[PDB]
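Source file: entry-v1.txt; contents: compact mmCIF, C-alpha atoms and all ligand atoms.
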# COMPACT_ATOMS: atom_id res chain seq x y z
CA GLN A 1 -6.11 -24.95 -16.05
CA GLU A 2 -7.83 -21.47 -16.08
CA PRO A 3 -5.29 -18.60 -15.59
CA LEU A 4 -4.61 -17.84 -11.89
CA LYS A 5 -5.96 -14.35 -11.00
CA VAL A 6 -3.34 -12.55 -8.86
CA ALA A 7 -3.76 -9.09 -7.30
CA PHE A 8 -1.28 -6.65 -5.70
CA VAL A 9 -2.29 -3.94 -3.20
CA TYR A 10 0.11 -0.96 -2.98
CA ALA A 11 0.16 1.79 -0.29
CA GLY A 12 1.93 4.16 -2.71
CA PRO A 13 2.21 4.89 -6.44
CA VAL A 14 4.19 2.87 -9.01
CA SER A 15 5.65 6.33 -9.95
CA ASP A 16 7.43 6.57 -6.51
CA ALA A 17 10.53 5.15 -8.38
CA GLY A 18 11.23 3.32 -5.07
CA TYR A 19 9.36 0.83 -2.85
CA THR A 20 6.07 0.46 -4.80
CA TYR A 21 7.96 0.64 -8.15
CA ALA A 22 10.10 -2.34 -7.00
CA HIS A 23 7.02 -4.40 -5.91
CA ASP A 24 5.38 -3.59 -9.29
CA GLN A 25 8.61 -4.66 -11.14
CA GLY A 26 8.20 -7.95 -9.23
CA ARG A 27 4.57 -8.27 -10.48
CA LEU A 28 5.79 -7.61 -14.06
CA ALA A 29 8.60 -10.23 -13.63
CA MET A 30 5.96 -12.76 -12.42
CA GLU A 31 3.87 -11.95 -15.57
CA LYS A 32 6.97 -12.41 -17.83
CA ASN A 33 7.98 -15.68 -16.06
CA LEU A 34 4.44 -17.31 -15.93
CA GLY A 35 2.92 -15.75 -19.12
CA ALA A 36 -0.68 -16.82 -19.86
CA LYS A 37 -0.83 -19.04 -16.67
CA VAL A 38 -1.36 -15.80 -14.58
CA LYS A 39 -3.53 -12.65 -14.91
CA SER A 40 -2.26 -9.88 -12.58
CA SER A 41 -3.84 -6.62 -11.53
CA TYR A 42 -2.98 -3.99 -8.97
CA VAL A 43 -4.38 -1.08 -6.97
CA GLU A 44 -2.10 1.82 -6.02
CA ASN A 45 -2.22 4.57 -3.34
CA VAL A 46 -4.43 2.45 -1.00
CA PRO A 47 -4.74 4.06 2.47
CA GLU A 48 -4.62 2.01 5.73
CA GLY A 49 -7.66 0.82 7.80
CA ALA A 50 -11.20 0.76 6.35
CA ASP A 51 -10.14 1.80 2.80
CA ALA A 52 -7.52 -1.01 2.65
CA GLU A 53 -10.05 -3.60 3.93
CA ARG A 54 -12.63 -2.46 1.28
CA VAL A 55 -10.02 -2.73 -1.57
CA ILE A 56 -8.69 -6.16 -0.41
CA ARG A 57 -12.29 -7.50 0.02
CA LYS A 58 -13.28 -6.26 -3.49
CA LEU A 59 -10.26 -8.01 -5.10
CA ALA A 60 -11.18 -11.28 -3.27
CA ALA A 61 -14.90 -10.86 -4.27
CA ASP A 62 -13.88 -10.36 -7.95
CA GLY A 63 -12.18 -13.82 -8.08
CA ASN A 64 -8.50 -13.17 -7.31
CA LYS A 65 -7.13 -16.44 -5.86
CA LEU A 66 -3.77 -14.99 -4.64
CA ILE A 67 -3.51 -11.46 -3.14
CA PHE A 68 -0.28 -9.71 -2.10
CA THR A 69 -0.72 -6.84 0.38
CA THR A 70 2.58 -4.98 0.15
CA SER A 71 2.58 -2.62 3.22
CA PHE A 72 2.94 -3.16 6.99
CA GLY A 73 -0.19 -0.97 7.38
CA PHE A 74 -2.34 -3.62 5.60
CA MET A 75 -1.62 -6.29 8.30
CA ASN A 76 -4.94 -6.19 10.25
CA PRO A 77 -7.19 -5.56 7.16
CA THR A 78 -5.51 -8.55 5.43
CA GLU A 79 -6.03 -10.82 8.51
CA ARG A 80 -9.77 -9.85 8.61
CA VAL A 81 -10.33 -10.40 4.85
CA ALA A 82 -8.38 -13.74 4.93
CA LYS A 83 -10.90 -15.08 7.55
CA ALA A 84 -13.83 -14.17 5.21
CA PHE A 85 -12.18 -15.72 2.08
CA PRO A 86 -10.82 -19.15 3.06
CA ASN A 87 -10.42 -20.26 -0.61
CA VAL A 88 -8.06 -17.27 -1.37
CA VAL A 89 -4.31 -17.21 -0.57
CA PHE A 90 -3.09 -13.98 1.13
CA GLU A 91 0.57 -12.94 1.38
CA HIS A 92 1.31 -9.92 3.61
CA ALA A 93 4.62 -8.01 3.34
CA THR A 94 6.54 -7.46 6.61
CA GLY A 95 3.75 -8.70 8.92
CA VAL A 96 3.77 -11.16 11.85
CA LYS A 97 0.15 -12.50 11.56
CA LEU A 98 -0.41 -15.91 9.88
CA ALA A 99 -3.41 -18.18 9.27
CA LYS A 100 -4.17 -21.31 7.20
CA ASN A 101 -4.58 -19.01 4.10
CA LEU A 102 -2.27 -16.15 5.21
CA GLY A 103 1.53 -16.12 4.84
CA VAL A 104 4.04 -13.29 5.45
CA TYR A 105 7.15 -12.35 3.50
CA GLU A 106 9.93 -9.80 3.76
CA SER A 107 13.46 -9.00 2.66
CA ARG A 108 16.55 -8.76 4.90
CA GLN A 109 17.16 -5.26 3.46
CA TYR A 110 19.14 -4.51 6.69
CA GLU A 111 22.00 -6.55 5.10
CA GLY A 112 22.15 -3.84 2.41
CA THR A 113 21.71 -1.06 4.98
CA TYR A 114 24.74 -2.41 6.96
CA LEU A 115 26.88 -2.09 3.76
CA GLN A 116 25.49 1.46 3.18
CA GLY A 117 26.71 2.24 6.77
CA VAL A 118 30.20 0.95 5.96
CA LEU A 119 30.33 3.30 2.94
CA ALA A 120 28.71 6.19 4.89
CA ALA A 121 31.56 6.01 7.48
CA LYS A 122 34.14 6.20 4.62
CA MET A 123 32.41 9.18 2.90
CA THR A 124 31.24 11.32 5.91
CA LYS A 125 33.16 14.55 6.73
CA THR A 126 31.02 15.45 9.83
CA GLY A 127 31.03 11.95 11.41
CA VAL A 128 27.22 12.27 11.53
CA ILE A 129 25.03 10.11 9.29
CA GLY A 130 21.30 10.58 8.91
CA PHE A 131 18.19 8.46 8.62
CA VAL A 132 14.70 9.51 7.38
CA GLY A 133 12.26 7.22 9.22
CA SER A 134 8.57 6.46 8.57
CA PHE A 135 7.25 4.70 11.75
CA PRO A 136 9.19 2.92 14.55
CA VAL A 137 8.26 -0.62 13.48
CA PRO A 138 10.78 -3.48 13.48
CA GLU A 139 11.69 -3.19 9.76
CA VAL A 140 12.73 0.45 10.28
CA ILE A 141 14.51 -0.02 13.63
CA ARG A 142 16.53 -2.92 12.12
CA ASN A 143 17.56 -0.59 9.24
CA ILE A 144 18.52 2.27 11.65
CA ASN A 145 20.63 -0.10 13.79
CA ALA A 146 22.24 -1.84 10.79
CA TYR A 147 23.19 1.52 9.17
CA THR A 148 24.77 2.56 12.52
CA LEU A 149 26.59 -0.80 13.12
CA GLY A 150 27.93 -0.83 9.56
CA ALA A 151 29.29 2.72 10.02
CA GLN A 152 30.71 1.87 13.51
CA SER A 153 32.62 -1.15 11.98
CA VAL A 154 34.74 1.58 10.21
CA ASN A 155 34.55 4.48 12.76
CA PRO A 156 33.23 3.58 16.23
CA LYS A 157 32.66 7.31 17.00
CA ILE A 158 29.97 7.68 14.25
CA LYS A 159 26.64 9.15 15.35
CA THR A 160 23.31 8.46 13.54
CA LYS A 161 20.65 11.21 13.68
CA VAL A 162 17.07 10.04 12.97
CA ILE A 163 14.06 12.15 11.93
CA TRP A 164 10.52 10.71 11.69
CA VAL A 165 7.89 11.78 9.11
CA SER A 166 5.03 9.38 10.18
CA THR A 167 4.38 8.29 6.58
CA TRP A 168 6.05 5.83 4.22
CA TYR A 169 5.66 8.16 1.21
CA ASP A 170 5.33 11.98 0.98
CA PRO A 171 7.97 13.61 -1.21
CA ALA A 172 7.37 17.08 0.34
CA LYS A 173 7.71 15.79 3.94
CA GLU A 174 10.74 13.60 2.98
CA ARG A 175 12.43 16.67 1.39
CA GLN A 176 11.82 18.79 4.56
CA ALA A 177 13.20 15.91 6.73
CA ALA A 178 16.37 15.59 4.60
CA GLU A 179 16.88 19.42 4.81
CA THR A 180 16.56 19.23 8.65
CA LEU A 181 19.07 16.34 8.91
CA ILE A 182 21.63 18.26 6.78
CA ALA A 183 21.00 21.46 8.82
CA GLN A 184 21.77 19.39 12.00
CA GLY A 185 25.09 18.14 10.55
CA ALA A 186 24.28 14.77 8.87
CA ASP A 187 26.14 14.49 5.53
CA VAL A 188 25.36 10.91 4.35
CA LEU A 189 21.65 10.09 4.39
CA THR A 190 19.52 6.95 4.04
CA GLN A 191 15.80 6.38 4.57
CA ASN A 192 12.94 3.91 5.07
CA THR A 193 10.49 6.20 3.17
CA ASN A 194 9.79 5.51 -0.48
CA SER A 195 10.74 8.56 -2.68
CA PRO A 196 13.96 9.98 -4.18
CA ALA A 197 13.34 13.29 -2.29
CA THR A 198 16.25 12.75 0.18
CA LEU A 199 18.66 12.11 -2.73
CA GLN A 200 17.49 15.26 -4.55
CA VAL A 201 18.09 17.35 -1.37
CA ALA A 202 21.52 15.70 -0.88
CA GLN A 203 22.52 16.66 -4.45
CA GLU A 204 21.26 20.29 -4.01
CA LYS A 205 23.31 20.63 -0.73
CA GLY A 206 26.46 18.77 -1.97
CA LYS A 207 25.91 15.80 0.39
CA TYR A 208 25.53 12.05 -0.21
CA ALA A 209 22.62 9.62 0.05
CA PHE A 210 21.51 6.10 -0.95
CA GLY A 211 18.75 4.83 -3.24
CA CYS A 212 16.07 2.78 -1.44
CA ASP A 213 14.49 -0.37 -3.09
CA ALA A 214 15.64 0.75 -6.59
CA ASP A 215 18.64 2.42 -8.25
CA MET A 216 17.74 6.15 -7.90
CA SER A 217 21.00 7.46 -9.51
CA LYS A 218 19.09 9.23 -12.38
CA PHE A 219 17.47 11.54 -9.73
CA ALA A 220 20.82 12.58 -8.18
CA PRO A 221 23.91 11.28 -9.99
CA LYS A 222 26.41 13.21 -7.81
CA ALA A 223 24.78 12.29 -4.43
CA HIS A 224 23.82 8.61 -5.12
CA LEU A 225 26.57 6.44 -3.53
CA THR A 226 24.71 3.13 -4.22
CA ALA A 227 21.25 1.64 -3.45
CA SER A 228 19.80 -1.43 -1.73
CA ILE A 229 17.72 -2.87 -4.63
CA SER A 230 14.65 -5.04 -3.80
CA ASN A 231 14.05 -7.91 -6.28
CA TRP A 232 10.57 -9.39 -5.51
CA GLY A 233 10.03 -11.14 -8.88
CA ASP A 234 11.48 -14.57 -8.01
CA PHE A 235 9.42 -14.67 -4.76
CA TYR A 236 6.19 -13.59 -6.55
CA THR A 237 6.84 -16.19 -9.31
CA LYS A 238 7.56 -19.02 -6.75
CA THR A 239 4.40 -18.13 -4.76
CA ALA A 240 2.10 -17.98 -7.87
CA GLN A 241 3.63 -21.32 -9.09
CA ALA A 242 2.91 -22.91 -5.65
CA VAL A 243 -0.75 -21.79 -5.73
CA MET A 244 -1.21 -23.12 -9.33
CA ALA A 245 0.53 -26.47 -8.47
CA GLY A 246 -1.33 -26.98 -5.15
CA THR A 247 1.92 -26.83 -3.04
CA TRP A 248 1.31 -23.48 -1.25
CA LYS A 249 1.36 -23.42 2.55
CA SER A 250 1.32 -20.64 5.15
CA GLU A 251 4.85 -19.71 6.27
CA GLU A 252 7.09 -16.77 7.22
CA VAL A 253 9.57 -16.18 4.37
CA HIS A 254 12.61 -13.85 4.66
CA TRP A 255 15.10 -13.63 1.80
CA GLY A 256 18.30 -11.54 1.68
CA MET A 257 21.47 -11.12 -0.41
CA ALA A 258 22.13 -14.92 -0.56
CA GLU A 259 18.67 -15.54 -2.18
CA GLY A 260 18.99 -12.52 -4.57
CA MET A 261 16.09 -10.51 -3.02
CA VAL A 262 18.60 -7.81 -1.92
CA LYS A 263 21.26 -6.51 -4.36
CA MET A 264 23.48 -3.39 -4.30
CA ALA A 265 23.68 -0.85 -7.15
CA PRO A 266 27.13 -0.03 -8.55
CA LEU A 267 29.27 2.44 -6.55
CA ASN A 268 29.38 6.15 -7.41
CA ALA A 269 32.65 7.22 -9.14
CA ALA A 270 33.38 9.53 -6.12
CA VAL A 271 34.04 6.50 -3.82
CA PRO A 272 37.84 6.28 -3.44
CA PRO A 273 39.64 2.97 -4.02
CA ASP A 274 40.25 2.15 -0.27
CA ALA A 275 36.49 2.59 0.43
CA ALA A 276 35.44 0.62 -2.72
CA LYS A 277 37.75 -2.28 -1.76
CA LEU A 278 36.37 -2.50 1.80
CA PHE A 279 32.78 -2.28 0.48
CA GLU A 280 33.35 -5.20 -1.95
CA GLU A 281 35.01 -7.35 0.80
CA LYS A 282 32.08 -6.71 3.24
CA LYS A 283 29.50 -7.37 0.45
CA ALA A 284 31.13 -10.78 -0.26
CA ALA A 285 31.16 -11.58 3.50
CA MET A 286 27.45 -10.53 3.78
CA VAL A 287 26.38 -12.75 0.83
CA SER A 288 28.40 -15.78 2.20
CA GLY A 289 27.12 -15.33 5.81
CA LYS A 290 30.72 -14.80 7.12
CA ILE A 291 29.37 -11.55 8.73
CA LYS A 292 25.79 -10.84 9.95
CA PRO A 293 24.57 -7.28 10.69
CA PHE A 294 23.47 -8.22 14.25
CA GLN A 295 26.44 -10.43 15.24
CA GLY A 296 27.58 -9.76 18.81
CA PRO A 297 28.70 -8.03 20.76
CA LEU A 298 25.74 -5.55 20.79
CA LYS A 299 24.63 -3.18 23.53
CA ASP A 300 21.54 -0.98 23.60
CA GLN A 301 21.61 2.71 24.48
CA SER A 302 21.27 1.97 28.24
CA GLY A 303 24.50 -0.13 28.04
CA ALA A 304 22.57 -3.45 28.35
CA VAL A 305 24.15 -6.42 26.52
CA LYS A 306 21.75 -7.70 23.80
CA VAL A 307 24.16 -10.24 22.20
CA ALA A 308 27.53 -11.57 23.53
CA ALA A 309 30.63 -11.72 21.27
CA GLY A 310 30.58 -14.94 19.14
CA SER A 311 26.71 -15.07 19.15
CA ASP A 312 24.10 -13.65 16.71
CA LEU A 313 20.90 -11.83 17.70
CA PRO A 314 18.05 -14.42 17.90
CA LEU A 315 15.21 -14.44 15.28
CA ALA A 316 12.59 -13.40 17.97
CA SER A 317 14.67 -10.28 18.90
CA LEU A 318 15.18 -9.42 15.18
CA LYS A 319 11.40 -9.85 14.52
CA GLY A 320 10.34 -7.55 17.38
CA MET A 321 13.31 -5.12 17.38
CA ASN A 322 12.29 -1.93 19.28
CA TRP A 323 15.69 -0.91 20.78
CA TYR A 324 18.61 1.16 19.47
CA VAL A 325 22.34 0.61 19.45
CA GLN A 326 24.59 3.19 21.17
CA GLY A 327 25.13 6.26 18.93
CA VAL A 328 21.51 6.60 17.60
CA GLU A 329 19.82 9.90 18.49
CA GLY A 330 16.90 12.05 17.34
CA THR A 331 16.99 15.46 15.64
CA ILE A 332 16.00 18.62 17.51
CA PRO A 333 12.32 19.23 16.64
CA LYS A 334 11.47 22.10 14.12
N1 LIG B 1 9.73 0.02 3.37
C1 LIG B 1 8.39 0.03 3.44
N2 LIG B 1 7.80 0.88 2.67
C2 LIG B 1 6.46 0.90 2.75
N3 LIG B 1 5.61 1.68 2.09
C3 LIG B 1 4.37 1.38 2.55
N4 LIG B 1 4.36 0.34 3.37
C4 LIG B 1 5.69 0.00 3.50
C5 LIG B 1 6.30 -0.96 4.30
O1 LIG B 1 5.74 -1.76 5.04
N5 LIG B 1 7.71 -0.91 4.24
Can you give me the file's structure in the form of structure tokens?
Amino acid sequence: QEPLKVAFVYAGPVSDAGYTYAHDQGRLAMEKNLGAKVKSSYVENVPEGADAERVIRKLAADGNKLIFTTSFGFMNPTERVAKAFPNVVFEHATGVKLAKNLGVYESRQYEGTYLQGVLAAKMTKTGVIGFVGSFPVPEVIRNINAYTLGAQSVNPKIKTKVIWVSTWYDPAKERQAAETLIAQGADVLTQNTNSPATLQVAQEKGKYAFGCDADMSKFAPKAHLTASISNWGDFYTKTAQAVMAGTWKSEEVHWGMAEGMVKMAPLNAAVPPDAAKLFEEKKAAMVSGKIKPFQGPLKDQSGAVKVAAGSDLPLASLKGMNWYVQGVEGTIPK
């Protein structure tokens, strides 16, 4: 068989050392695993809307038979190109739109974020943890709520302050947002943006933060408590193999810590032994499915019950999550 032409569309740069870096490490793992059977290429820094549609269409027109579109913002462009290219397989990250030649895939990174919350509660001195958000889409709201629930499993009085930058990647805006969270009393920060900017600010101010999608400890060795690492390579390999073998079908795929898509970086030396022990126990329980981030009981911020004790939040509620747990608030606007 001719080598399978595979293309990756990134919303950011491979030099983000975060989200796009991790997707690109997955492409390179697919190339290592499948060798001469695959020929990969990529496009970085692709904007949303008309630009994304033009890039995706050009890759399909040039003979790519499998195209990964790695941003939420590529959802509608991917759906429109997939209709025009019925002999090409499309895989869209974090989306909810499917077709005969369009699948969707995502990680359960919120499993990792829950464990970051457990550690944040152990390491905070203010009792206020902070979150740099991109856009209020379900991926990000699940991470905000999981961070908060993980912290509240240690200290039920924890408060989570959220600031929004309306971008997935802008190191200058991310830095400003991290400065504002620390000014408003957050002392352990996480994010759903894509740069190490928040970590660099945390180190400058003597605060803590987490790496996102990759180990970011080299950017901020004193501030980096751990990181929720995204391993896409096994998924990209499996998908490329399926297309080559004629077994591919449209489905919604979500992998977490049990499937190896989500891993934690080693703990910072500053984490005391009581905190490290709890973290390792909760990590083992998360991998085994003994605990789930959205196990009941859960209430929203209006006091409405979302999940009773002894139940887990349903898949439909996870997929569309647009509500907050008690203790989530915004920053005062600058
Ligand atoms: N985490 C995350 N980062 C992104 N960067 C650009 N698009 C995305 C996305 O959908 N999710």
> Any idea what's packed within 12 Å of residue 114 of chain A, counting only C-alpha atoms, ignoring anything in its chain fewer than 6 positions away? Could you give it as a PyMOL selection string?
Replying inline: chain A and resi 108+120-121+142-154+190+227-228+257+264+279+282-283+285-286+291-295
> Just how far from atom CA of residue 253 of chain A is atom CA of residue 1 of chain A, in Å to one decimal?
Replying inline: 27.2 Å
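In this comparison, which uses only C-alpha atoms, the residue of A:210, A:90, A:164, A:21 approaching residue 180 of chain A most closely is A:164.
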I'd like a table as a tab-separated table: residues in chain A with an atom no more than 9 Å from ligand LIG 1 (chain B), each row giving the shortest atom pair and its distance in Å to one decimal, only C-alpha atoms and all ligand atoms counted, sorted by chain and rising residue number.
residue	atom	partner	partner_atom	distance
A:10	CA	B:LIG1	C3	7.4
A:11	CA	B:LIG1	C3	5.1
A:12	CA	B:LIG1	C3	6.4
A:18	CA	B:LIG1	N2	8.8
A:19	CA	B:LIG1	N2	5.7
A:20	CA	B:LIG1	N3	7.0
A:70	CA	B:LIG1	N4	6.5
A:71	CA	B:LIG1	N4	3.5
A:72	CA	B:LIG1	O1	3.7
A:73	CA	B:LIG1	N4	6.2
A:74	CA	B:LIG1	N4	8.1
A:93	CA	B:LIG1	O1	6.6
A:94	CA	B:LIG1	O1	6.0
A:95	CA	B:LIG1	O1	8.2
A:134	CA	B:LIG1	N2	8.2
A:137	CA	B:LIG1	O1	8.9
A:139	CA	B:LIG1	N5	7.2
A:140	CA	B:LIG1	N1	7.5
A:167	CA	B:LIG1	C3	8.0
A:168	CA	B:LIG1	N3	4.7
A:169	CA	B:LIG1	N3	6.5
A:191	CA	B:LIG1	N1	8.9
A:192	CA	B:LIG1	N1	5.3
A:193	CA	B:LIG1	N2	6.0
A:194	CA	B:LIG1	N2	5.9
A:212	CA	B:LIG1	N1	8.4
A:213	CA	B:LIG1	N1	8.0
>> So that I can see what lies close to residue 200 of chain A, please list as JSON, numbers by chain the residues with an atom at most 12 Å from it, counting all atoms listed in the file and leaving out residues fewer than 3 positions away in the same chain.
In response: {"A": [171, 172, 174, 175, 176, 178, 179, 189, 195, 196, 197, 203, 204, 205, 206, 207, 208, 209, 210, 211, 216, 217, 218, 219, 220, 221, 222, 223, 224]}
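Within 10 Å of segment 42-45 of chain A, once all atoms listed in the file are used and residues closer than 6 positions along the same chain are dropped, the contacting residues are residues 6, 7, 8, 9, 10, 11, 12, 13, 14, 15, 20, 24, 27, 52, 55, 56, 59, 67, 68 and 169 of chain A.
In this comparison, which uses only C-alpha atoms, the residue of A:87, A:107, A:101, A:78 approaching residue 229 of chain A most closely is A:107.
Straight-line separation from atom CA of residue 314 of chain A to atom CA of residue 236 of chain A: 27.2 Å.
Considering the residues A:288, A:109, A:241, A:311 and counting all atoms listed in the file, residue 33 of chain A has its shortest atom-to-atom contact with A:241.
Between atom CA of residue 309 of chain A and atom CA of residue 128 of chain A the interatomic distance comes to 26.1 Å.
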Export of segment 39-93 of chain A: C-alpha atoms, as a CSV table (one decimal), in the first residue's frame:
chain,number,residue,atom,x,y,z
A,39,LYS,CA,3.5,10.6,5.8
A,40,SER,CA,2.5,13.4,8.2
A,41,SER,CA,2.4,17.2,7.8
A,42,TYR,CA,1.1,20.0,9.9
A,43,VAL,CA,0.0,23.6,9.8
A,44,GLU,CA,0.4,25.8,12.9
A,45,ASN,CA,-1.1,29.1,14.1
A,46,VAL,CA,-4.3,28.6,12.1
A,47,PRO,CA,-7.0,31.1,13.0
A,48,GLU,CA,-10.8,30.1,13.4
A,49,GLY,CA,-13.5,30.6,10.7
A,50,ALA,CA,-12.7,31.3,7.0
A,51,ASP,CA,-8.9,30.9,7.4
A,52,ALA,CA,-9.4,27.4,9.2
A,53,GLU,CA,-11.8,26.3,6.4
A,54,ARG,CA,-9.3,27.4,3.7
A,55,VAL,CA,-6.4,25.5,5.4
A,56,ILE,CA,-8.4,22.3,6.0
A,57,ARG,CA,-9.8,22.3,2.4
A,58,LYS,CA,-6.3,22.8,1.0
A,59,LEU,CA,-5.0,19.8,3.0
A,60,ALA,CA,-7.9,17.6,1.7
A,61,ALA,CA,-7.4,18.9,-1.9
A,62,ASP,CA,-3.6,18.0,-1.7
A,63,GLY,CA,-4.4,14.3,-1.0
A,64,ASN,CA,-4.4,13.9,2.8
A,65,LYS,CA,-6.7,10.9,3.6
A,66,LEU,CA,-6.8,11.5,7.4
A,67,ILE,CA,-7.0,15.1,8.9
A,68,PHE,CA,-6.9,15.9,12.6
A,69,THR,CA,-8.3,19.4,13.5
A,70,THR,CA,-6.9,19.9,17.0
A,71,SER,CA,-9.0,23.0,18.4
A,72,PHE,CA,-12.6,23.4,19.5
A,73,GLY,CA,-12.7,26.5,17.2
A,74,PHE,CA,-12.2,24.3,14.1
A,75,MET,CA,-15.6,22.4,14.7
A,76,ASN,CA,-17.8,24.1,12.1
A,77,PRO,CA,-15.1,24.5,9.4
A,78,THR,CA,-14.2,20.8,9.8
A,79,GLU,CA,-17.9,19.8,9.5
A,80,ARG,CA,-18.2,21.9,6.2
A,81,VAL,CA,-15.0,20.5,4.7
A,82,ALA,CA,-16.0,16.8,5.7
A,83,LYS,CA,-19.2,17.2,3.6
A,84,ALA,CA,-17.1,18.3,0.5
A,85,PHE,CA,-14.5,15.4,0.9
A,86,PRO,CA,-16.4,12.2,1.6
A,87,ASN,CA,-13.3,10.0,0.8
A,88,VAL,CA,-11.3,11.8,3.6
A,89,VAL,CA,-11.5,10.9,7.3
A,90,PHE,CA,-11.7,13.9,9.7
A,91,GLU,CA,-11.1,13.7,13.4
A,92,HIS,CA,-12.0,16.9,15.4
A,93,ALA,CA,-10.7,17.5,18.9
